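Working notes for the structure below.
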Amino acid sequence: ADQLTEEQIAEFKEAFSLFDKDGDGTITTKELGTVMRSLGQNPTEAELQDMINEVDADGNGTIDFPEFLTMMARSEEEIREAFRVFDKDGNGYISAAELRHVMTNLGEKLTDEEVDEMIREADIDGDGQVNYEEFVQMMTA
Ligand SMILES: CN1CCN(CCCN2c3ccccc3Sc3ccc(C(F)(F)F)cc32)CC1
Ligand SMILES: [Ca+2]
Ligand SMILES: [Ca+2]
Ligand SMILES: [Ca+2]
Ligand SMILES: [Ca+2]
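Encoded structure:
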């Protein structure tokens, strides 16, 4: 086996209450759409239904933490689009100022001490920024 330590079970819950803006425990389409339009994507009502049913195991309309937790654990294009969300200034790297805005507006509010923690973790070469390859590896898996 490879794993899923209790470091990630606490992080995916964070990623969890980011879509689940009201507590509830489930993430509805209104929530999925509200985070999307906030990430540069205005999707519709059926693209949203089509996304929550292909990830919601007990087909109950919503997505609770088990489902959210199974999906996020054991391809591309999409990443290129994702690399662009942060790289607002389209220059080939995502700095700590870029990571951070995207979150805020996303709702998150981290200190000046968690964005470096974040970049540092996914920053291979050592310069303090995140380039296209470092973003693909990080996410390939
Ligand atoms: C192999 N490998 C192991 C670990 N990482 C860390 C990924 C860091 N990451 C990040 C980095 C740069 C730009 C954006 C992002 S999104 C993000 C969100 C949460 C976390 C969070 F919550 F964990 F901090 C880490 C990341 C990348 C690749
Ligand atoms: Ca909710
Ligand atoms: Ca469900
Ligand atoms: Ca940039
Ligand atoms: Ca780097």
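Under UniProt numbering, the letters of the sequence shown match residues 2 to 75, 82 to 148, in that order.
Even for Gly, the Cβ is constructed at its ideal location relative to N, Cα and C.
Three-way DSSP call (helix, strand, coil) for residue i in this model
i	result
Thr-27	coil
residue 77	One cannot assign coordinates to residue 77, given that the chain in this structure leaps from 75 to 82.
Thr-111	helix
residue 80	Coordinates for residue 80 are absent; the numbering of the chain skips from 75 straight to 82.
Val-56	coil
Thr-63	strand
Residue burial classification, residue i (beta-carbon count within 10 angstroms, cutoff 16)
i	result
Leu-106	buried
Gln-50	exposed
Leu-33	buried
Cβ pair residue i, residue j closer than 7 Å
i	j	result
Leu-5	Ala-74	yes
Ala-58	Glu-48	no
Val-92	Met-72	no
Own chain partners of residue i with C-beta closer than 8 Å, once the 5 adjacent residues on each side are dropped
i	result
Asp-94	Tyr-100, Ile-101, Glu-105
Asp-21	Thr-27, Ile-28, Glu-32
Touch test, the segment 55 to 64 against the segment 12 to 32, Cβ-Cβ under 8 Å, three pairs minimum
yes
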